[PDB]
Amino acid sequence: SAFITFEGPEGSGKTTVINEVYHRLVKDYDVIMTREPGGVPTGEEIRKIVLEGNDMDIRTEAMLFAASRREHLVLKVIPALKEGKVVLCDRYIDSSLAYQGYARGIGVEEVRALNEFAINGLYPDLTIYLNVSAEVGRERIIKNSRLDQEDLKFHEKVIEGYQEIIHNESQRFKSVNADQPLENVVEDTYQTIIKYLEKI
Amino acid sequence: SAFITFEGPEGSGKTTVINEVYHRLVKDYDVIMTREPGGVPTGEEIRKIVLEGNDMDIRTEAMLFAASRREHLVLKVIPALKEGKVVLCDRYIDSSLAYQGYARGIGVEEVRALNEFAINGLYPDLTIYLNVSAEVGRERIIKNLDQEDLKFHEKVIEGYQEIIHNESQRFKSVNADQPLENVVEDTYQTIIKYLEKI
Ligand SMILES: CCNc1cc([C@@H](c2ccccc2)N2CCC[C@H](n3cc(C)c(=O)[nH]c3=O)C2)cc(Oc2cccc(Cl)c2)c1C(=O)O
Ligand SMILES: CCNc1cc([C@@H](c2ccccc2)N2CCC[C@H](n3cc(C)c(=O)[nH]c3=O)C2)cc(Oc2cccc(Cl)c2)c1C(=O)O
């Protein structure tokens with residue numbers, strides 16, 4: 001079994017990459033694609049509170065992302081890992097660290113303490129970081145629409161946040177150059193994963 | 001002016017909601033409510049071809065919905081927006097994306113390329129998504145199903161969820177699992193809040 005998380009800002013090609021990697025890995029492995037809350041009832045109820053919130057306090061929001069993370073981990077991820085599955089998870093702890101911790105300014109160490117209470121030692125076996133520059137990311141976000149200064153600044157802070165998290169911690173982390181055309185990003189991600197799965 | 005579209009599967013209370021919301025807004029706004037083809041002659045002739053179709057190829061069907069969309073947009077919507085009106089439109093691009101693109105399996109990106117040729121940059125200012133769960137939706141449809149109908153209804157909802165997930169900025173999701181009185185109220189409030197910001 002393997003617990004593989006995918007991290008990156010919007011515009012990193014993360015959705016395309018997970019889907020294409022899934023379609024290739026399924027040939028050889030019993031693989032599932034998931035994201036939080038991922039259909040888990042309590043997590044779905046938490047997701048409704050977050051989405052229906054009117055100017056919700058950022059710490060309450062962080063605690064709800066963490067509660068949805070736990071429910072998804074306990075009721076979906078852990079049972080799949082027990083069945084010997086390869087679990088491809090779109091966003092995990094590092095998303096809370098980059099978004100709530102860094103970009104929203106709660107503090108990375110504070111959001112880490114919160115999320116370590118939530119995951120209780122269950123860190124990913126491997127984390128794919130889709131390393132996109134703000135500029136390439138911006139262009140992909142514009143393309144995927146129909147950006148204002150606040151959106152551009154928030155996108156930059158998320159990227160700065162991811163750079164800081166990787167700078168301080170890098171073992172499970174494997175950074176893929178997401179500035180490349182998506183065909184190459186998919187190939188490098190697939191190769192990185194196969195290399196890991198073949199080391200058992 | 002404002003171009004407001006309404007989207008959702010059957011069983012979302014969309015007909016009731018748009019009709020009741022239009023009845024309220026018509027007291028305080030220069031607003032019109034329409035749907036495709038909306039009486040536009042070319043659109044009406046296209047509608048007859050779609051409705052009289054015997055196992056029509058899904059891509060032909062998508063092109064006819066997009067041709068009806070253009071005629072209605074050009075002859076009805078654009079002139080009203082030029083007069084400074086609020087235009088309430090029941091189903092637009094997102095219906096083609098969810099039904100032809102996702103549920104029928106042509107592909108969302110392919111149906112989007114087709115519809116972007118049809119709308120030529122005229123995306124809605126605001127799209128109200130009547131967010132109903134498959135289960136509540138099913139019950140409303142029965143009140144107003146075989147395995148194929150149930151599966152198609154679920155796919156349409158999955159389709160809408162995917163479109164909103166990838167393009168969340170344009171949409172305002174209203175909880176359509178609520179009694180229709182509350183769905184109408186939340187939609188009305190969402191619209192008035194938007195119109196008062198510009
Ligand atoms: C366009 C995608 N649609 C959605 C968009 C968002 C959005 C957001 C942030 C704050 C407040 C409201 C909405 N935002 C988008 C980039 C990544 C970000 N994000 C993710 C993770 C995993 C995290 O830990 N921290 C964090 O900031 C979540 C939140 C969403 O709902 C969730 C998701 C997971 C769990 C729950 Cl409880 C609720 C959804 C959704 O429709 O599922
Ligand atoms: C009982 C409701 N009556 C009607 C029901 C339908 C029906 C359908 C689908 C496929 C084949 C045959 C009938 N279906 C109902 C759910 C939404 C769906 N739908 C909508 C839009 C806007 C889209 O883009 N794609 C899509 O799948 C249309 C099509 C209709 O005719 C139209 C409407 C707009 C334009 C034209 Cl050309 C023709 C009508 C009608 O009486 O007007």
Side-chain angles (χ1 to χ4, degrees), chain A residues 51-53 55 146 148, chain B residues 1-26 28-44 47 65-66 68-98 115-116 118-132 140 160 163-164 167-168 170-192 194-196:
Chain A
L51 298 178
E52 288 179 4
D55 297 328
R146 86 290 91 106
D148 61 69
Chain B
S1 69
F3 180 26
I4 306 177
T5 67
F6 291 75
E7 293 290 354
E10 285 164 45
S12 62
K14 192 171 44 51
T15 303
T16 296
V17 171
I18 197 182
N19 282 122
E20 243 296 300
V21 162
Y22 178 47
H23 194 69
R24 291 177 193 202
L25 288 167
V26 84
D28 309 295
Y29 294 95
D30 194 4
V31 59
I32 61 147
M33 180 209 271
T34 189
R35 77 169 46 75
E36 299 148 346
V40 176
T42 44
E44 289 295 340
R47 177 181 169 270
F65 277 110
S68 155
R69 179 148 303 123
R70 181 120 189 116
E71 289 295 283
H72 174 265
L73 183 64
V74 163
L75 290 156
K76 214 163 158 198
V77 175
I78 294 171
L81 293 177
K82 286 175 169 175
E83 291 172 359
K85 285 170 166 60
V86 173
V87 176
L88 304 182
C89 184
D90 184 3
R91 300 192 176 283
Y92 189 60
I93 185 171
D94 304 300
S95 277
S96 279
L97 304 186
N115 278 278
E116 281 179 357
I119 71 171
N120 190 26
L122 225 149
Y123 266 95
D125 289 309
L126 182 72
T127 294
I128 297 304
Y129 178 56
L130 298 176
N131 187 199
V132 75
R140 282 211 185 101
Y160 275 126
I163 299 150
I164 294 144
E167 218 201 308
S168 52
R170 179 164 53 88
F171 299 90
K172 288 289 170 183
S173 176
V174 171
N175 178 5
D177 281 357
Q178 297 181 97
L180 294 172
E181 172 168 305
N182 299 277
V183 182
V184 167
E185 185 60 28
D186 288 359
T187 300
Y188 177 77
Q189 292 304 325
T190 298
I191 291 173
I192 65 124
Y194 173 77
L195 296 172
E196 299 308 265

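All values below come from the heavy atoms of this structure, side chains included, with hydrogens, waters and symmetry mates left out. Throughout, a chain's letter reflects where its sequence line sits, starting with A, and its residues are numbered from 1.
One distance of note links CG of B/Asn131 with CG of A/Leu51; it measures 9.0 Å at 0.5 Å rounding. Between B/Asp186 atom CG and B/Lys172 atom NZ the span is 12.5 Å, to the nearest 0.5 Å. A distance of 8.0 Å separates CG of B/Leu126 from OG1 of B/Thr190, quoted to the nearest 0.5 Å. Interatomic distance, CG of B/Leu130 versus CG of B/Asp177, reported as 11.0 Å (0.5 Å rounding). Atom CD of B/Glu44 is separated from atom NE2 of B/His72 by 10.0 Å, given to the nearest 0.5 angstrom. Taken to the nearest 0.5 Å, the CG atom of B/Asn175 stands 9.0 Å off from the CG atom of B/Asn182.
In this structure, B/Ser12 has no side-chain hydrogen bond (donor to acceptor under 3.5 Å, both in side chains) partners at least two apart in sequence or on a different chain. For B/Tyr160, the ring pair (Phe, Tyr, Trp, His ring centres under 6.0 Å) partners are B/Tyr129, not counting sequence neighbours.
With respect to the salt-bridge test (charged N to carboxylate O, under 4.0 angstrom), the residues B/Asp125 and B/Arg170 do not qualify. The pair B/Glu185-B/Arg24 counts as a salt bridge, with a side-chain nitrogen and a carboxylate oxygen less than 4.0 angstrom apart.
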**OP:** Apply side chain to side chain contact (heavy atoms under 4.5 Å, CB included) to B/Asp28 and B/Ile192, showing your working.
**Re:** CA-CA 10 Å; B/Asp28 309 295; B/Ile192 65 124; over 6 Å; no
**OP:** Before giving the answer on side chain to side chain contact (heavy atoms under 4.5 Å, CB included), spell out for B/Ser68 and B/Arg47 the whole-Å C-alpha distance, their side-chain angles and the decisive distance to 0.1 Å.
**Re:** CA-CA 7 Å; B/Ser68 155; B/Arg47 177 181 169 270; over 6 Å; no
Subject >> Stepwise side chain to side chain contact (heavy atoms under 4.5 Å, CB included) test for B/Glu10 and B/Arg140 >> reply: CA-CA 8 Å; B/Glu10 285 164 45; B/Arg140 282 211 185 101; over 6 Å; no
**OP:** Take B/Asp90 and B/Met33 through the side chain to side chain contact (heavy atoms under 4.5 Å, CB included) test and state the conclusion after the steps.
**Re:** CA-CA 8 Å; B/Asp90 184 3; B/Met33 180 209 271; 5.8 Å; no
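Less than 6.0 angstrom separates the ring centroid of B/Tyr92 from the ring centroid of B/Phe3.
For B/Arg91 and B/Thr5, the side-chain atoms include no donor-acceptor pair closer than 3.5 Å. Of the N and O atoms on the side chains of B/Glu71 and B/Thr42, at least one donor lies less than 3.5 Å from an acceptor on the other residue.
Side chain of B/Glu7 to backbone of B/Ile128: no donor-acceptor contact under 3.5 angstrom is found. One N or O on the side chain of B/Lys76 and one on the backbone of B/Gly38 form a donor-acceptor pair closer than 3.5 Å.
Side-chain atoms of B/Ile4 and B/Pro124, non-hydrogen and from C-beta on, never get closer than 4.5 Å to each other.
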Show me the side-chain donor-acceptor pairs of residues 79-89 of chain B shorter than 3.5 Å, one per line, residues at least two apart or across chains.
from, atom 1, to, atom 2, distance (Å)
B/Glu83, OE1, B/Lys85, NZ, 2.8
B/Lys85, NZ, B/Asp30, OD2, 3.4

